[PDB]
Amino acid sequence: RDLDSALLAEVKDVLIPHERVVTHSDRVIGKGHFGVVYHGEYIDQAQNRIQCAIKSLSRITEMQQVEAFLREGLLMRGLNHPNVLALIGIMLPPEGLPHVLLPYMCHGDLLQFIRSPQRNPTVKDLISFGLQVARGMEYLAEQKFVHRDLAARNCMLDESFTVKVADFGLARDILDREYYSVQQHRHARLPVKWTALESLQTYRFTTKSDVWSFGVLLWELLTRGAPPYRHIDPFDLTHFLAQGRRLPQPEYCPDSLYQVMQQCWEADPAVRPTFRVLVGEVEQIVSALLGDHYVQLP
């Protein structure tokens, strides 16, 4: 579109020109709040054609929102970690929504992996996945990035089942208020149920809001994808958590890992651990584990 030339110069390194990209509109991978993700293809700097996923960003109408995203996207282009999903780049078609090109992750998301009846995950298998998420997130936090929507579904699995943390950089402070709104009848899987008590009262997010969300993610892993706070009337959730009640310890979840989960859900954000400490504590648990067993589905 007709954007500030100075901006496009400023953000050059993120941008893939639209004529280097093919989005397969007939090959939709999936749909969600922030946009649609299609199968796609793009042309390298080295001139080869690489297949990947492409997400049309449906929540960026304003030009202020476009340029803000372009600049975050530049910082995200710099993110390099084994447990973080890479940003290939962003494409602006002459008229339309910004598109985000992402590496295709061929084993899907962590939630569907764990929910699969074709699979028989052990306790230790699931804790390991959690460990890989805490490294993804430790890096993001070190790089001054706040996810805002950490959950099992936004953790992808690559060819060799390496977990990549993903869909950070989409939700924003205050502007995406409605994404974290209450009372929507079909409420079992809304982001409200993963997000920290104080973020629900301001729609401002920090790394410590991400530590809450991680705890909730770690519960999913060990329930093999149960909805959190399932039977809590959605309008009663903030009051419930203020009472100091929390998700119950999963059947086969070790006491120590539940103690970790509890630390993540501390109501004082400052009392919650850092992801650096979480990688350490969770790693220690995996090695300390005496025996192992299968976990069942809810």
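Don't overthink the numbering: it's just position in the shown sequence, from 1.
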| item | value |
| --- | --- |
| Stretch with the higher entry mean CA B-factor, where the candidates are 90 to 98 and 204 to 212 | 90 to 98 |
| Stretch with the higher entry mean CA B-factor, where the candidates are 181 to 189 and 112 to 120 | 181 to 189 |
| Out of 37, 270, 261, 237, highest CA B-factor residue | 237 |
| B-factor third for the C-alpha atom of residue 175 within its chain | highest |
| Where the record places residue 27 (Cα B-factor, split into thirds across the chain) | highest |
| Position of residue 41 among the chain's modelled residues by C-alpha B-factor, lowest, middle or highest third | middle |
| Record-listed C-alpha B factor of residue 246: chain third | lowest |
